Structure formats: C-alpha cells, structure tokens
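**Q** Handing you this structure, nothing more for now.
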There are 4 protein chains.
Amino acid sequence: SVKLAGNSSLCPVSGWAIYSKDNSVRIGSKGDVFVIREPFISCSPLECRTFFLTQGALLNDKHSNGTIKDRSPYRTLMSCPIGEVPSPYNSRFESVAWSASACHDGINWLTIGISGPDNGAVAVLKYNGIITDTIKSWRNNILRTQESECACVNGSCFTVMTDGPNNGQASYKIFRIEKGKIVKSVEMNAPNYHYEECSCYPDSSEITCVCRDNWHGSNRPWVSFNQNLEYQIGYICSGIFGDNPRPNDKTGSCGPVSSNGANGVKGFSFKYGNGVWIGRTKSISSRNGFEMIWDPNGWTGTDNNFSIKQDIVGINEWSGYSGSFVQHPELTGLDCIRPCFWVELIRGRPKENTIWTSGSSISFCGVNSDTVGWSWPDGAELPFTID
Amino acid sequence: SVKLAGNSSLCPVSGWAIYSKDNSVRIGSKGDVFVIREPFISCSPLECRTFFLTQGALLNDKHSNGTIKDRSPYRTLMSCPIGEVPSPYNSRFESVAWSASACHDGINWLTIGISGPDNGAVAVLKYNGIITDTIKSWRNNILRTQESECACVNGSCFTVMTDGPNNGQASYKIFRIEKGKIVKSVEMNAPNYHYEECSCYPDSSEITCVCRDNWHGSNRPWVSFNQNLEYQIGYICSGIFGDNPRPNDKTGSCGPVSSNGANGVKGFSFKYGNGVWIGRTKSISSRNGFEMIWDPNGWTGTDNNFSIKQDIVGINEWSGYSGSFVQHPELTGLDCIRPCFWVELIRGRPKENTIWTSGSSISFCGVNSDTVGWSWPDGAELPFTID
Amino acid sequence: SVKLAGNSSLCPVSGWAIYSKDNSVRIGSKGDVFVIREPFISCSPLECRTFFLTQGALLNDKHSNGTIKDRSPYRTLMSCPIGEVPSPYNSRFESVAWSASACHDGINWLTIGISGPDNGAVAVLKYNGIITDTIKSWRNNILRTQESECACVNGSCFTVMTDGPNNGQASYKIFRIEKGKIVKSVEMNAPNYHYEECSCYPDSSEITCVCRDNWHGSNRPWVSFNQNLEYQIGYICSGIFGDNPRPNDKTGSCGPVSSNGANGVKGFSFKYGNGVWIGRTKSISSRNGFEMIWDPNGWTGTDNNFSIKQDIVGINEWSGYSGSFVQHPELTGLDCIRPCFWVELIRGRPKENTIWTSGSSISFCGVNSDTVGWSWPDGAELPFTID
Amino acid sequence: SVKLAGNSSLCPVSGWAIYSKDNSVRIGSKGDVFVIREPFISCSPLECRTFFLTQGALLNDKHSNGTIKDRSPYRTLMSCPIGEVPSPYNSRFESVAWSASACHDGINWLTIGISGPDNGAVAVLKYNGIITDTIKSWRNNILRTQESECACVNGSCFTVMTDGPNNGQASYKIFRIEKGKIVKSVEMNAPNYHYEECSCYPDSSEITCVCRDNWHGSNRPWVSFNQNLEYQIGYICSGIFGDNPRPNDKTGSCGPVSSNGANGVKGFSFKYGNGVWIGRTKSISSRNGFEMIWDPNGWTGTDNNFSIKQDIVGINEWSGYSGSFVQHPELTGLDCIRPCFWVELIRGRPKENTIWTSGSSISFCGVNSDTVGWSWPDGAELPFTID
Ligand SMILES: *[C@@H]1O[C@H](CO)[C@@H](O[C@@H]2O[C@H](CO)[C@@H](O[C@@H]3O[C@H](CO)[C@@H](O)[C@H](O[C@H]4O[C@H](CO)[C@@H](O)[C@H](O)[C@@H]4O)[C@@H]3O)[C@H](O)[C@H]2NC(C)=O)[C@H](O)[C@H]1NC(C)=O
Ligand SMILES: *[C@@H]1O[C@H](CO)[C@@H](O[C@@H]2O[C@H](CO)[C@@H](O[C@@H]3O[C@H](CO)[C@@H](O)[C@H](O[C@H]4O[C@H](CO)[C@@H](O)[C@H](O)[C@@H]4O)[C@@H]3O)[C@H](O)[C@H]2NC(C)=O)[C@H](O)[C@H]1NC(C)=O
Ligand SMILES: CCC(CC)O[C@@H]1C=C(C(=O)O)C[C@H](N)[C@H]1NC(C)=O
Ligand SMILES: CCC(CC)O[C@@H]1C=C(C(=O)O)C[C@H](N)[C@H]1NC(C)=O
Ligand SMILES: CCC(CC)O[C@@H]1C=C(C(=O)O)C[C@H](N)[C@H]1NC(C)=O
Ligand SMILES: CCC(CC)O[C@@H]1C=C(C(=O)O)C[C@H](N)[C@H]1NC(C)=O
Ligand SMILES: *[C@@H]1O[C@H](CO)[C@@H](O)[C@H](O)[C@H]1NC(C)=O
Ligand SMILES: *[C@@H]1O[C@H](CO)[C@@H](O)[C@H](O)[C@H]1NC(C)=O
Ligand SMILES: *[C@@H]1O[C@H](CO)[C@@H](O)[C@H](O)[C@H]1NC(C)=O
Ligand SMILES: *[C@@H]1O[C@H](CO)[C@@H](O)[C@H](O)[C@H]1NC(C)=O
Ligand SMILES: *[C@@H]1O[C@H](CO)[C@@H](O)[C@H](O)[C@H]1NC(C)=O
Ligand SMILES: *[C@@H]1O[C@H](CO)[C@@H](O)[C@H](O)[C@H]1NC(C)=O
Ligand SMILES: *[C@@H]1O[C@H](CO)[C@@H](O)[C@H](O)[C@H]1NC(C)=O
Ligand SMILES: *[C@@H]1O[C@H](CO)[C@@H](O)[C@H](O)[C@H]1NC(C)=O
Ligand SMILES: [Ca+2]
Ligand SMILES: [Ca+2]
Ligand SMILES: [Ca+2]
Ligand SMILES: [Ca+2]
Ligand SMILES: [Ca+2]
Ligand SMILES: [Ca+2]
Ligand SMILES: [Ca+2]
Ligand SMILES: [Ca+2]
Ligand SMILES: [Ca+2]
C-alpha cells in the first residue's frame, strides 16, 4: 500500500479503445437505478469506480420529477464499479453533494462534496470516508468544483474550485490536499478568464487542467501547476474549438474566443507538447455527438487543421459532459500515465418531453494499437411510463 | 485488532458538517426499501453503519399497513452501510427486536435486541452475531432500551434499560457488558426522574447519557457513570428546553420542568464543562425542524441565553428522533473522541394521511472548521400509491 | 483453518432465545424473494447460513403457480446469510436439487443435492462448490435426504438417505463422507421402522438423528451412531408425541405409535440422557403452532408428564417443518456444542387459497439464562396480488 | 497465486452430473434480470463464473424489444457467479461487446470483447480489467470469436477468431496471449473449411477446439494446436452428426458433410483417442433437446454406432448454444483436467411469439460415478406481460 508517484509522462496514444458502457437509462426503465447527472470515473491502484451525483430518486418514479434542477438537499455523491448501473443495491455512499470531486492517492479515497445554500455553500472533504476538512464559499455565490477526478502526485492531491458568477468574472482557487486536509491554496489571477468544471490530470509531477469558460469563450481555458501551486494560465489556441456551443472551426485564439462563447459544457483535452487530443461534441450548437481529434499543433497554434478524428457518438445522438481520467502505472504496470475519458449521455429535459433528466455513461482508454470509430449512444426510448 | 481505549476527551466543536443522507422514503416509492423507524448510527474501527428496526415489510406494499404500531413479532434489528437505503438486498440481519442498541468494542459488534410480550420481554445480547446473554424484564412492563449506540471503554460496553410505566415512575438500570456478557448492573435510585431512550457516549473513560423524560420533564435528564457503574444523575439546567413537546424558552431548572413535560422525543446533547451542545426540534409542539445550539453555561445554568445556533431541518419539515454517535481515535487518527449525531425524519402516521409510518435519516460530524446552516429534509411526496 | 472436533457434549439448556426471523413472505409481496420450501440453518466456524430449496420462481409472479408440487427440474438448493430474505440478489447457488442436506466440516462446505427422475434420482455431493461424488437411487423410488444439516465430527460428516415407499417399509442408509467423498455406508436393519427427513447432530463424537415415521408412527424414530457407523435404533418413548399428526398425549411406546401414525412432518429433538427437548406443533392434527417441551424422562419413559413448556408459535398460526442445528465451540468459544433449532412457517397451499406454496423461517438457540414464550408467526396477509 | 499448468490429460468420464441451473427467464418474469444470449462458463482456481452478452436491457421491459438482433452498441459482456441469475445487482462489468471470450490463467482474468461496426470491428483485450491489447478486423466482415472460454496452458491463453462470410469461405486465426498481450498469431490454411464459435479446451499442454461450420457442414470442424500454434485441422468423422440442422444419422465423413450443412449452432465435443463425447440437440432441424453421446470410435470413424446416450433436455423443449468448460487440477485437486459443459436454453424469437429473445442456462461436470438422464428445461411460460 503505497502513494502514487505521479512522475512519469502521459502515454503516447494513437486512438481510443472502448472501456465501459453502463446502459443506465435503458435498465432504469424497469430496474431500480438512480436518477443521476455529473458522473465521472476515477481509479485506485486496484479498481476503477464511477462516481455520480444522485437526485435522491429512482428512474421511472414520481420523485424523478423536476430533476432538471441542479442543486437541492437531496443530491448525494455515490459511487459504483465501472460499467455497472448506479443502483441503491450496488452503490457506496460518499457525501451529501450537489458538486463534487474525488481521487485516490494510492492509500485512500479523497472525496469532496459541496452542499448547503447558494449563498454559503460548504465543501466537506473526506479521506477514507472520514471528515477531514471543510471549506466554505468565499464569494457567497455557488461554491463549486470539478465534477471529475482530482489529481494526485506523491501523496498530494489537487483540485480547482470556483465561486462567483457563471456569466461574468468569477474567483478561481487551486488547492493542495494531503490525507484530506487542505495544506495550501492560491487564488488564480485570471482577469478576463472564466474557469468552470476543470478536468485535471497529472503528467510528469505537474497538474494540467482543461476547463469550461461559461462567460465568453468557445475555446477552453487551461491552468497548469506544480506541487507548490506555481501556476500558468492560457486558452487552447486551436481553431478546432472545444466548447459547446461554439462557431464552425476557423482561425482560433490563445485568448477567449467570444463568438458563441457564453454558456458551455464540461469537457477535457490532453496536452502533448504543442499538440492536443480534443474531445468535443459533434454539434456546434447542442449537446449532441462526440468525437476525438488529434491536432499536432493545437495547444499553441491557431489554425483549424487537424490530423486524426475518431467518432465516439453520432451527431444525431445525445451526449453531455465529458472528463478525463488516468490510470497510473501502479495500476497498469506500464511506464507512463495512461490517459482515458468518459462521456455523459444526458436524457430528458430540457431537450426531451419528460419530467426528469438523467444520464448514462461510456468510457475509453488511450492505446497505440488499432482502434475504430463508431457510435455508442444512450439507447433508451423516451418518454418513459412516468412521463 | 484492538479494543477501543475510550480514554481521550470529546473533541472541541464549533459546528456540524453534513456526513450522510439516505433519502430512504423517496427511494422506497419505487425501490425495495424497508419500512423502518428508530434508526441509529454506530462505528467500528473500520466503518460506520446504520442500524434500524424494520417492520418486516417494504415501503409501498400492503404489509406496511398499521406500522404506527410500536411492538410486534415481525420487527427486526438490521444494519447497512451509512448513507445507503435499508433494503433486503444490502442489509445484514442482527436480531429479532422491537427495541435495540448496538456498539463495537474494537474487536466485535455487540447487539442488544428486545422481543417477546409486553409483560415479559427478553433482551438477547449477541457478540459477533452469536448469542452471549439474555436479560428478562424485571417489572413486567415493556423492558426497553436506547434506540441508539451503546458506549465502549477499554473492552467494556455500557447501556441503560427501562422497565415500568411511560407516564409515571419507572425503573432504570445500567449495565456493563464484556464480550456480550453482562458483568455488572445497578438500578439507578432516581425517584421523581424518568429515563427513556438514552443517548450515551464515552468521554475520558466515563459514560454520559442524555435521555427522554416522558412523564413530567420538558428538559432532558442525564446520567453519567464510571466503569464500576458509580453514577450521578440530574437534568440539563438550560432554559433552552431540549424535549418535544416543551414550552417556549424561559428560565430552566435542574430538576424536571413540568410545563409541557408529559410525552417526549428521543434526543441527545453533548456536555463540555458547564456548556452544552443541544440538538432539538424547532417546533415546541410537534416533531418538526431541527437545530443545534451551543449554550456555554447550559448544562448547569438556568438562563435561556445561547451563543450559536445552526439550522439542520426547517421548521416546516418533518423531523423525529435524534441521537449521538462517536468516532473514536482508533477510526479517525485524531487525539480526541469526535462527537457526531443523526436525525430520523419521520414520514406518515400520525401526522400524514397514510397507512404507514417510516423514516429516513441524516447525520453530521462535529468539526472546528467552517460550517453552514441549511435544511436537509426527507423530501418524499406523500401519500404514496399504496395509500 | 481447522476441522471441527465434535467431541464435547451438548450444552445444558433451560430455554430458547430467539436468534432469527426473515419475514420472507411479507417482504416477497413486493420484493424479489424466491418461492421456497424446506429451509434449514447450518453454520461454519465463521457464520450461519440459511439453505433452502427454491422453486425457480419468485413470490407474486405467475411462475409461482403450482408450487405445491415437490419435485421438478427447476428446484435448486441455494443459501443466504441467516435472517435475510432469500433473493436472487443475495443468494449463493449450491446445487440443482429437490432434496438436500449441507454442513461445514471446519474447512469447507459439503452440499448434497438430489435431482433427476423419481425412478432413478442422483445425489450430487459438492465440497467447496466442486463435484466430489455421486450416489444413485438403489430402490428406484425417490432417493431423498434430510432437508436439514448433516453432522460433522473430526473431518467426517454424516447423513441419512431413504429410498422406497413413503407409506410402507422402505430402505434407510447412513453415510460417512470425507472431503465430499463417500468413504463408508451401511443399510440400517430396521424392519417395521420408517425414517424420513432426519435431523442429526453431533454429541461427544457420535451422531444422533431424530426423524419422521410417515408410515405408522406418531412418535419419532431415532438412529444414533459412531464414526464407524455402528448404529442403534429406537423410537422416542414419551407420551408427549412428537409427530404431526398425532393423538392427544397419553401413555407412549418405545416402538411406533400406530394411532394417527400415517403421514407426518419433519422435526427434531435433543437427547440428554433419559430426557428430551421435544419441538412440536401445537395442533395434534395440522401444521399449526410450535412449542418446546422438556421431558426429563421422555427419551426412554412412556408417561405423558413433562416439566417445561415454552411457546414458539401460537396454535392459530401456520408452522411447518423444523430441524436442529448446532453451533460448535470453534464458532462460539464455549466448552460444549450448542443446540439450536429452526421452524419453517408454511404459507399457501394446501390450507390457503393461493396458486403457490412458500415458507418463511424463525430460529432459536439454547441458553441457560432467562427466556420467554411468545408467538413469532409468518405474518403475511394472503392471498397475494397474483392469486 | 500460480499459473495453471495445463499439462495433465482430460479426466476419463462415464457420464455427466448436473452442476448448475439459473432459471433466469422464469425469475426475470418479475425480477430484474438481463436479457442475454451467448452465455458461457469459465473458472479460476477459486470460483466458476457465468459470462454472457447482455442486450443492455431487462426482461419484461420495453427495451428488450428487438433483441433477436445480434450486434448493437448496447451489448456488454458481464459475468456473475455460476447458477445465479444475471442481474444488474450481482453482475460484474467486463467489456463492451457483441462477441466475446474469457479465461483465467491462474493469476488473472483475460476478457476479449469485440464491438464497433461490421466493417471494422475491434477486439478489446483486458487482463485484470485493464486494457492490454486490441486487434482489428482484417477482412472487414464481422470480426468474431468463440462465445465460450479461451484455453490456458502455462501462462499462455489461446483463442480463435473468424472474419469473413458466414455462408462461404472465411478467414480463421489462432492467437496466443500472455498477460493480455497478443504474442503470436497465425492464419489457419483451411480451404473448404468453415470455423465459427469454437469451443476450445486444454489437454496435455495442447489445445483442441470443436467449432461450427455455418457454410456446408452438418458435422463439426476441429482445430488442434500446440503452444507455438502449430496446428492440425479436420472434421469429426462420426455418422452421429453434431450440428443443428443436420441429416438423420448415417455414414459420416471426415470432411464437411454437405447434407443440411448450411447454418448451424455453437457446440462442443471432447476427444479421447479415436473416441468422442458429442453434445448435440435432439431435433435434427431446430434447437430443441440436448443429449450427450459417447461414441468410442467417432473422432476418426464414420459409422453411426455409439455406446452411451445420456438425456439432458427433452426433444420437445428449447435448447440452444452449448460449450465446453474445464476445471483444472489447481481448482479441484484432481490429477487430470475435468471436462464440463453448459447449455443455453433460448426463449423467445424466432420460434415464439414475443418481442424479445433471451436465454437461461444449465451445466454439467464429467464424473466416473453414477449418473442419470433427465430433462432440465428452461421452464418459463411465454409470452410475458411485455409481449
Ligand atoms: C390497510 O388497513 C385498513 C384497515 O383494515 C384497510 O382499510 C379497510 O379496508 C377494509 C376492506 O376494504 C374495509 O372493511 C370493510 O368496511 C365496510 C364498511 O366501511 C364493511 O361493510 C365491510 O364488511 C363487509 O365485507 C366483508 C367481506 O366481504 C364481510 O366479511 C363483512 O361481514 C361485510 O359484508 C368491510 O369490513 C374498511 O372499511 C377499511 N377501513 C378504513 C379505515 O379505510 C386498508 O384497505 C388496508 N390497505 C392495504 C393496502 O392493506
Ligand atoms: C416493440 O416494437 C414493435 C415494433 O416497432 C412495436 O409494435 C408496433 O407498435 C407501433 C405503435 O403502436 C405500431 O405503429 C403503428 O402502426 C400503425 C398501423 O398498424 C400506424 O397507423 C401508426 O402510425 C400512425 O401513428 C403515428 C403516431 O401517432 C404517426 O406518426 C403515423 O404517421 C400514423 O398516423 C404506427 O406506425 C406498429 O403497428 C406495431 N408493429 C407491430 C408489428 O405490432 C411494439 O409496440 C413494441 N413494444 C414495446 C413494448 O416496446
Ligand atoms: C453554477 C455554475 C455551473 C457551471 C457553469 O452550472 C452547472 C452547469 C450545468 C450544465 O451546464 O449542465 C449543470 C451543473 N450541475 C451546474 N452546476 C451547479 C453546481 O449547479
Ligand atoms: C414504551 C415507551 C417508549 C418510550 C417513551 O415508547 C416509545 C415511543 C415512541 C415515540 O414516541 O415515537 C416510539 C418507540 N418505538 C416506543 N418504544 C417502544 C419500545 O414501544
Ligand atoms: C417423498 C417422501 C417425502 C417424505 C415423507 O415427502 C416429502 C414431504 C413433504 C411434506 O410432507 O410437506 C414435502 C417434501 N418436499 C417431500 N419430499 C420430497 C423429496 O418430495
Ligand atoms: C456472424 C456469424 C455468426 C456465426 C455464424 O452469427 C452468430 C449466430 C447466431 C445464432 O446462430 O444464433 C447468434 C450470434 N450472436 C451470431 N454472432 C454474431 C457475432 O453476430
Ligand atoms: C519516479 O518516482 C519513482 C518512485 O519513487 C522513482 O523511483 C523514479 O526515480 C522516478 N521516475 C522518473 C524520474 O521517471
Ligand atoms: C411534477 O411536479 C409539479 C410541481 O410539484 C406538479 O405540479 C406535477 O403534477 C408533477 N407531475 C408529475 C407527473 O409527477
Ligand atoms: C514525496 O514526498 C515525500 C514526503 O513523504 C518527500 O519526502 C519526498 O522527497 C517527495 N518525493 C518527490 C519525488 O518529490
Ligand atoms: C489512553 O490509553 C492508551 C492506550 O492504552 C494509553 O497508551 C494512554 O496512556 C492513555 N492516555 C491517557 C491520557 O490515559
Ligand atoms: C476434544 O478434541 C480436542 C481437539 O483435538 C482435544 O484436544 C481434547 O482432548 C478433546 N476433548 C475432550 C475429551 O473433552
Ligand atoms: C396455473 O396453472 C394452470 C396449469 O397450467 C393454469 O391452467 C392456470 O391458468 C394458472 N393460473 C394462474 C393464475 O397463473
Ligand atoms: C481424527 O482424525 C485424524 C485424521 O486426520 C486421526 O489421525 C485422529 O486420530 C482422529 N482424532 C480423534 C480424536 O478421533
Ligand atoms: C506438469 O507441470 C507441473 C507443474 O510445474 C510439473 O511439476 C509436472 O512435472 C508436470 N508433469 C508432467 C507430466 O508434465
Ligand atoms: Ca463557453
Ligand atoms: Ca492545427
Ligand atoms: Ca417530556
Ligand atoms: Ca445559557
Ligand atoms: Ca422491482
Ligand atoms: Ca407419522
Ligand atoms: Ca415424562
Ligand atoms: Ca452447419
Ligand atoms: Ca461409432
């Protein structure tokens, strides 16, 4: 039982091999499956788990009514084994939460679950299931976090939280956590940037996060930092815009791209020097489809050329959030940190005529062997009996 | 594998961080969730479990009919992991019981489950799931116990049991138990006192219990004792009255407060010198709302002044029983015993137009970091299909 | 990990403390609970399990139709933790079977499951879940076994099987089994005796079985034997008759009591020298009620006097099969083998107007501390939705 | 924790003892049971598991509609303990797949799950749940594999895959896999042969596979090979034809038997010198009944004589796929590899008037002790509520 080192580089990847699919919404038509959104995957040295925010209700029951609503006292962070449906009969209780993050340092699970009122929310940090720290809203305006895994390097785990407007300048802080206790934090000095829902991973002892600008950017902002929280900030420069909504691909910017910049979706990308692996929706205007694109100069260069595209979900099918996750060498036995990703397939409101909103999930792992594009969509037939 | 020492003091706490919420009644609208009441939490050195008294029936099924009834041969003590719904598919069987207690000494679980007729009930003690002792009613009038966790100190666990009227003078005994065997007991000499449903915890090698006077007290009675069962008794002196029902706050007493004193609700409080942390309903007349109040002189002083109030459940929402539980240093790695508490959110009869009565639960742990008041209510929409 | 010794004597017991209740039929009204009959309890050095014969169907589903029928290719022997309902979601698969036995030698589980046609049935023996032996019908007329636990002493386990008529002279064999392999067997020379459904236990290195005479006895036959299968046979002499049906209590016999002797119910008794602890129905004519009676001279003496009766299930409530089980000192830490028992509470056909037949269960352990009589019946309201 | 040697011979068997029956379809009428087909069994040194291809849907739910369809993005490989129903509450997620294989090398599980489009499908290999390799379609025409267990010998596991037409000459490759990585492969040079759905087992350090000719053979093709993938090929010569459909028994061939040769069913056989144990349907024209036949010269001789037949499923009852599985000496403690087999009992479309297709399963292990013929059919009553 040993701390993850986090000191090897990301593995080189040519393509993405399908890892899991839970079919949660299809199964929940009959079975006892939680209404969920904001799922994410995180791994220990022994296993991979799906974390998710329940709505304290099951699919196809009357208590799923009104689950478009983001924040309530009923929402809880729970987890289950990867690829299994999230049920009351197979899910571990983690925290009371309407925003969350989680990660394993090699020894125990850290979970961060935020609840409370919009004007004074509190993040509750747990290590091995025991409360180890709290942090309260510092701008009194919806303290919130990643909705994907935190990142760990040599016994320290790292996350980003936001507090303030979702449609204007807000406040962004980076945290270093050891055994569930906050040991350091810093406010990012990012005037004119907007960071929401960061997808962070370790690479060569440093953390890279690719986030959502909900204010005025259709490209994604990034922040990277070392273990002392010395950071750098920027936006992905590629004209292959990564947010949803966005414009058609054209010449990009290393600052926020204003065209179609308001609103957004949680997402991710993996940096390889000047290059980038971008996961994005297929539709420029809606949460539909998903694809992976390799742009060899897209981290720093503004053209809209790219070299590989792999289809994940077809343009006519519902998608949603996505996030990164990694598998450390302590799990895989490889000599590098393996990049992986998950996609939330959102069903229900606002786009479909149901009383509820819920998601299923798919995930993929990066490989250098042969792969293929396809579409692996949610597959449920809506509406349901309850609607 | 080592016995809990129980020799450190209670941790100092400024406020309460949310720890769990099971949403049992919401989920049970569709899922297979036991009808339960009298839930409580207790921890080992490895995990925290919810114990509860089933009615041998599931929510939204005809066998939930008439579950306002307290004692039957169908009620069982069972347990599940904290925060999970109590289902037949995730719950461990403990004992046949219509009143119960349980606690872990560091090595194994002790459960105490009382069943049989009102005029001759028998407590069955189990250690590691094996029957180790029994004790039979000594006044032939509903032998009954805590409905929350027993308290353990250096291999010995301690509980309190009552036998006799619920509306006049009864008989109260303290027990010391080792490996599931009663090794000592004493009858408390408490004329004019009434003790029901004690919430007991360890603090510096001694046990303190805060209980319910169902006869003629709207403040709570207490009993404290050492390992040889040498005890002291009194009532909480604060004019911040702890029971439900109760009068509006005014000058208190350190005997039983007769105004609104008949009837009651199980509750708890934590003593810190002359001060007290009081958990109570918000309503003076019904089991609605919940709040935590820090009164720095409330154990021994009679004024109705207090320094901190933290909201837990809104005044218009259903609450119910509450109890203490602790997390020992052997679980947390701290240097003190961490006080925590649970609240039962009772749904159905007598206050709502259903055929059934059941509860869900919430819990909190004491911290010295930032916290916030809110309302985390049950959230089910009654009546149900079966009603 | 060590073989059970089986060499200490049965513990002296004054009365019976309630150990489990599963409420299976009440829960199965909504939940996913197997239709079962012929349940029984057996323990390892670490835990106690409920074994049972499913009908390959769930309660309140159409496939429960016709489950009065004893033998089919759908019946399977499965097991779950004691006191939990038998569900597809918590039950371990053991064997394909319409008659069964099971026991733990201290190292692994032995299961014996008989299936096949009436004219050529085969017992499949499994040790640690792996097929270790078979034995085929030797009279071609419903090879059948205990429906309760086998008995183990120093690495050998022992059982009894019958083949031939249920209403006349049949053939009875005793088996010694080591690591799932039959190492010895003998045919009992018992002209004019009838043995069905033996309840066997260890006591001081020897096995005692108390069985059902379905031909012409309203008292119970017994067989006892050592590890070399040197046996003795008799009938319980007490005028406190043990079978169902039976006459009113009167002077008994050490041979089969012909009055009301045909038909029967599986049951048990525990021998203490000349004395006996008898479990029986309360009704002389029907499977209703249950009671424990201590008759200090009832093993060898024919009077109808007895000294203790303890009520278990009221005379107006449904009962059914019962059987012995033991808890070895390797489990309990005691210096003797603890006698325990279980009762099957049969619901449905033939006595009630349902399409199905199923049972729930209760169990008790022998103690020398205080106990009480009561009634702990099944408690389901019949008929069900499906009927 | 040690690799399976795989160097002992197959155990001699006189007959087949029933090992498991899951009753999945019966139970799924009410319970939450996956729609599945292509089940198979495989064992580790500690346990036996059922693997299966879900349709991402539950029985008696609308999403079971159209499950006659073989390949979709919703199908997943999952596994549960042998004999238990495949539910979302007891099943481990393995891979996204519409064709699969799995096997344990003594240390960890290998799973192979093929998904993607018909013209470019990709097999994802996982070792201990971690992606270790991929292989992509080489003829762009439904890359596909065994639907039963792979075979392991001294740390290397072996499988066969087909790519190309199901009704004419296709391409067949053998693979050697170590810790989930392909280390060797070879294309079989088998003009005029057709290999689908191979049932492979180890015997004396070499692998033998018995497969389905879907093009023009009513007898079964075989391939056998050593660890360096040096192979031999032929067809089972017995006039006791093994496929379904097939002609009535008559003089056979050791090439493909053209009469009734098109189409087929997955099956198996076990070679013992010149002899063979053949599992087959009872019907020559449809997937009904099942029987085991010992033909002492049937591997290499063409007559239609045989020595032993054991009934498994009656001629009027539904059967389906069948496959081999083995129990190694490391699991059993025997000195030889124990042959066992499973049968899929297919319910629904095309033969029955439902919207869905699913199966249940039975399994048997080879013994030299007494056995018996019977019928252990599926037993569900179709149609269901949803139909
Ligand atoms: C939960 O429990 C409640 C309480 O038992 C139950 O509600 C009751 O349902 C029964 C059956 O519908 C009702 O009983 C009837 O009452 C009427 C008068 O109101 C009588 O006329 C009926 O008696 C006639 O019918 C019987 C059978 O045919 C005859 O035996 C009898 O002699 C009469 O001819 C019968 O007593 C009862 O009124 C209600 N009570 C209330 C308060 O609603 C409820 O249905 C249960 N729910 C579930 C889901 O279990
Ligand atoms: C399982 O799948 C089957 C196959 O899809 C499904 O059975 C089908 O149900 C649908 C809906 O009831 C039927 O479709 C209708 O067919 C009639 C003629 O028979 C048409 O007139 C209907 O079209 C009208 O209505 C539509 C909606 O209002 C309009 O969009 C349309 O333009 C028309 O006005 C409609 O197409 C279909 O006939 C059956 N098919 C069969 C073979 O039974 C079944 O219900 C599914 N079951 C479950 C549980 O999912
Ligand atoms: C409050 C800002 C935040 C990020 C833009 O909105 C999120 C957007 C969401 C969305 O765009 O789907 C759903 C999230 N559950 C919500 N987060 C919270 C904490 O309410
Ligand atoms: C019998 C006295 C006792 C304490 C006042 O009543 C309790 C009150 C209850 C209550 O006030 O809600 C419910 C408890 N289940 C009941 N206890 C038992 C054993 O019946
Ligand atoms: C076949 C004789 C046997 C013992 C008398 O009948 C049993 C009686 C039964 C009974 O009296 O309830 C139910 C048992 N399931 C049945 N056993 C079998 C194997 O069918
Ligand atoms: C595609 C050829 C293949 C072997 C003949 O067809 C199989 C026949 C089937 C069958 O005959 O029942 C069902 C299998 N699920 C299918 N395999 C796939 C991958 O689709
Ligand atoms: C990474 O950390 C490991 C584990 O402590 C260390 O042994 C090794 O030198 C480092 N790897 C590099 C520099 O690639
Ligand atoms: C959904 O909730 C709203 C608000 O309480 C209510 O008015 C409506 O009837 C509900 N609908 C259903 C179908 O449950
Ligand atoms: C990792 O942290 C430990 C603290 O246990 C520290 O002593 C060590 O130097 C760190 N290692 C690296 C490679 O930074
Ligand atoms: C508490 O008990 C521990 C464990 O035995 C002991 O080592 C320690 O001295 C005790 N401390 C006090 C202050 O009693
Ligand atoms: C019982 O067997 C034990 C275990 O081997 C042995 O040590 C002991 O002598 C025996 N007990 C008796 C005779 O009571
Ligand atoms: C019970 O089974 C019989 C025999 O198949 C059948 O005729 C009857 O309709 C069934 N009844 C129900 C209610 O399922
Ligand atoms: C128990 O059986 C063993 C076989 O391992 C034998 O050698 C030993 O003598 C037996 N002990 C008793 C007490 O009979
Ligand atoms: C089989 O392999 C085992 C395990 O390595 C070895 O000890 C044994 O000699 C082998 N036997 C034969 C006959 O190859
Ligand atoms: Ca944006
Ligand atoms: Ca570019
Ligand atoms: Ca009171
Ligand atoms: Ca005060
Ligand atoms: Ca259900
Ligand atoms: Ca009889
Ligand atoms: Ca007598
Ligand atoms: Ca063919
Ligand atoms: Ca032949």
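Residue numbering restarts at 1 in every chain; chains get A, B, ... in the order shown in the structure tokens, and ligands count up from 1 in that same order.
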Give me, as a VMD selection string, all polymer residues having an atom no more than 12 Å from residue 231 (chain C), counting only C-alpha atoms and skipping those fewer than 6 positions away in the same chain.

**A** chain C and resid 160 173 to 175 185 to 190 206 to 209 222 to 225

**Q** Using only C-alpha atoms, determine which residues of chain B fall within 12 Å of chain D; present them as a ChimeraX atom specification.

**A** /B:31-32,89-90

**Q** From a DSSP calculation on the backbone, collect every residue of region 21-256 of chain B in strand (DSSP E) and output the set as a PyMOL selection string.

**A** chain B and resi 21+34-43+48-58+76-81+92-96+99-104+109-115+122-127+130-136+151-153+156-163+171-178+181-187+196-203+206-212+221-225+231-235

**Q** What does the structure give for the distance between atom 35 (C, counted along the ligand's line) of ligand 2 and CA of residue 376 (chain A), in Å to one decimal?

**A** 26.9 Å

**Q** Tell me which protein, DNA and RNA residues are within 7 Å of residue 21 (chain A), counting only C-alpha atoms, leaving out same-chain ones fewer than 6 positions away, and put them as a PyMOL selection string.

**A** (chain A and resi 83+361-363) or (chain D and resi 96)

**Q** With only C-alpha atoms as the basis for distance, which of B:337, B:380, B:36, B:210 is at the shortest distance from residue 12 (chain B)?

**A**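 Among the listed residues, B:337 lies closest to residue 12 (chain B).
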
**Q** Enumerate as a count of residues only the residues within 12 Å of ligand 14, counting only C-alpha atoms and all ligand atoms.

**A** 21

**Q** Would you write out, as JSON lines, a table of all residues in region 70-165 of chain C that have an atom no more than 10 Å from an atom of region 259-274 of chain C, listing for each the closest atom pair and the distance in Å to one decimal, considering only C-alpha atoms and ordering rows by chain and rising residue number?

**A**
```
{"residue": "C:146", "atom": "CA", "partner": "C:266", "partner_atom": "CA", "distance": 8.7}
{"residue": "C:147", "atom": "CA", "partner": "C:266", "partner_atom": "CA", "distance": 8.4}
{"residue": "C:148", "atom": "CA", "partner": "C:266", "partner_atom": "CA", "distance": 9.3}
```

**Q** Would you work out the distance separating CA of residue 68 (chain A) from CA of residue 357 (chain A), expressed in Å to one decimal?

**A**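 For CA of residue 68 (chain A) relative to CA of residue 357 (chain A), the distance reads 5.4 Å.
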
**Q** Would you mind listing what lies within 8 Å of residue 318 (chain D) as a count of residues only, with only C-alpha atoms counted and same-chain residues fewer than 4 positions away left out?

**A** 9

**Q** Using Å and a single decimal, report how far atom 5 (C, counted along the ligand's line) of ligand 5 sits from CA of residue 213 (chain C).

**A**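 Between CA of residue 213 (chain C) and atom 5 (C, counted along the ligand's line) of ligand 5 the gap is 7.9 Å.
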